[PDB]
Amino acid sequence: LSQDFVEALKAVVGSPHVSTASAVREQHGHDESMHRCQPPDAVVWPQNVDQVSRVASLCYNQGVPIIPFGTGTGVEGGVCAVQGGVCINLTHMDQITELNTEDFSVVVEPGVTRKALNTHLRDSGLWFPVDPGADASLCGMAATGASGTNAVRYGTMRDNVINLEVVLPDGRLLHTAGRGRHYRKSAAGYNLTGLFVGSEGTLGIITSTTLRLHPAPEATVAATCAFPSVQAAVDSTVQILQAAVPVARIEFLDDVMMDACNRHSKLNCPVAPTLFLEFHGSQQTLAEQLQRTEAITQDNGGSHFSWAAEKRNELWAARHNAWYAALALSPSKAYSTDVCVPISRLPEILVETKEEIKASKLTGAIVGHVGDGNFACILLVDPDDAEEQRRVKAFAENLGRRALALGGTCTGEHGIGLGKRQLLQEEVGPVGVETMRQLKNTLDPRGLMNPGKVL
């Protein structure tokens, strides 16, 4: 990467905000996944949207790849600079603007995390529900199409993103639903917002997100329920959803995951396949949701609810850190699967996955947003064991195809990145692939917008 080009970058954002140092680049060449670190040629921190546009234009017209970088908590190698180029760390734009409490909406820049937004919303009676376990950039969550434990009731990022400000690859500024606009529904033209949610930085750079806010629940109750088998826990989940109990959270941990979270946190739950549950409503509706949910779990051998305030906070902090609890079993890197299937097929595939984990030499922990028909298998890797690494690939790839055989999807929330590109081709077929690629080509003709990812 030439000296003239570095100086041009410095002319846009300022000398302290451009780095070609090896250590700085290596810190931006990987996320939380096992994908090998591939350092960008430079890291740049733009200070405002005009600078983002000018950096993109400079890179695009010089043939230099662009890698958007949020908080680096992705798990599919999205930020890995597989073709080098300029990593654009967006987190110095960290302002919350256009807070509209009366319309339930807010605008956030990429440096704002969910924790920052909800802390600033304290005493407002509103909150933002989509809750990945990591302290992630909200614009990064828009880019990956993230969900979370609350999504079963309050929706995913796709459900809660109202508008996006996007710097297109050549530097043009797009407001996907129109500058400053926010509303509950629209039929005006083609919905551009949904195209950029889940685009993983391959269609442009999200520089602000307009988010739907939600009213805080009147009352909240959380509990855990232990089961004799995976089958019993997942049958309960499916029957709770089919009875239309509006649970706020319903999370599955197998016995391995439960034990790992016990060891990594303040919990001392029975080591067994377990559901973490949370209910929102008034006192009347809570008692009614509880009684219907306990009846279903009892029918499948579930324990009486272990109730949980500080202890719901420790409960959900343990769940949110399950990824790190799993890593701490083999102090190793990990790969995560992320399939999502029609809910009636969830018992088949979860039980089958548990049986396959045991039948193989591999270690795995299972945790899942099962209210969405979604779960993750966390598979540890010795970073220096090449034989283990292909067995992990082979396992994750066979699980993905089993989900596809059931009518599901290879990723419910994490995205495709580097790891699921072949599975995506099988999921949507040749006309789906060509259509997606035609969309990529019109927004990024030169193929410089995070190349090598998704497609």
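Position 1 is the first residue in the sequence shown; the rest follow in order.
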Missing residues, deposited sequence, between residue 308 and residue 309 (class: none, 1 to 3, 4 to 9, 10 or more): 1 to 3
Our gap detector needs a label for residue 331 to residue 332. Which class matches the unmodelled residues of the deposited sequence there: none, 1 to 3, 4 to 9, or 10 or more? 1 to 3
Of the two stretches 85-93 and 115-123, which shows the higher Cα B-factor on average in the entry? 115-123
Per the record, averaged over C-alpha atoms, which has the higher B-factor: 385-393 or 34-42? 385-393
Per the PDB entry, maximal CA B factor within 206, 357, 238, 322: 357
Top Cα B factor in the deposited entry, candidates 168, 223, 139, 161: 223
Split the chain's modelled residues into thirds by Cα B-factor; is residue 249 in the lowest, middle or highest one? middle
Taking the values exactly as deposited, rank residue 433 by C-alpha B-factor within its chain and report the matching third: lowest, middle or highest. lowest
Third of the chain's Cα B-factor distribution that residue 15 belongs to, per the entry: highest
C-alpha B factor of residue 455, ranked within the chain: lowest, middle or highest third? middle
Can you work out whether the C-alpha temperature factor of residue 133 puts it in the lowest, middle or highest third of the chain? middle
